Each structure stands twice: as structure tokens, then as C-alpha cells.
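A quick write-up on the structure given underneath.
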Amino acid sequence: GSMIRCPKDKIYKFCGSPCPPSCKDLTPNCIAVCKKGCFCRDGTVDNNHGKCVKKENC
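Using the deposited numbering, the letters of the sequence shown correspond one by one to residues 1 to 58.
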């Protein structure tokens with residue numbers, strides 16, 4: 001506890017897109033705002049299960 005550390009399969013960002021590429025929407029339109037936290041790696045798509053897989057795997 002105390003220290004926030006997400007799964008090693010993901011990375012941490014201070015400014016990231018609130019709308020990452022996904023199987024639901026490959027390119028969602030939203031205002032560019034810097035949100036901090038843990039995000040998926042570049043080249044992966046977020047699926048409706050709550051995990052990110054490779055773009056060509058979806």
C-alpha cells in the first residue's frame with residue numbers, strides 16, 4: 001500500500017491521452033488533457049475486458 005504501483009505490463013505517465021486506442025474505438029475523439037497514472041504501452045489497444053493487447057492481436 002501507500003506507494004501506487006501498477007502492473008509491470010503497463011507504464012506510468014504524467015501526461016497521457018484520456019482516450020487510448022482500443023478495440024472498441026481505434027481513435028476516440030476527446031480534448032487533449034494531461035492526466036497522470038498508469039497507461040498501456042504504445043502500439044497496444046485497450047479491449048472491453050480492461051486490458052491492452054497488441055493492435056494486430058485484436
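Where is the CB? At the ideal position from N, CA and C, for every residue including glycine.
Candidates the options, of which the one nearest residue i by Cα
| i | options | result |
| --- | --- | --- |
| residue 16 | 4, 8, 40 | 40 |
| residue 44 | 11, 3, 5, 1 | 11 |
Cβ-based burial, residue i [other Cβ within 10 Å; buried from 16]
| i | result |
| --- | --- |
| residue 33 | exposed |
| residue 46 | buried |
| residue 22 | buried |
Cβ-Cβ separation, residue j to residue i (assumed contact under 8 Å), whole Å
| i | j | result |
| --- | --- | --- |
| residue 24 | residue 48 | 6 Å |
| residue 18 | residue 35 | 6 Å |
| residue 6 | residue 38 | 4 Å |
8 Å CB neighbourhood of residue i in its chain, flanking five on each side removed
| i | result |
| --- | --- |
| residue 55 | 21, 43, 44, 45 |
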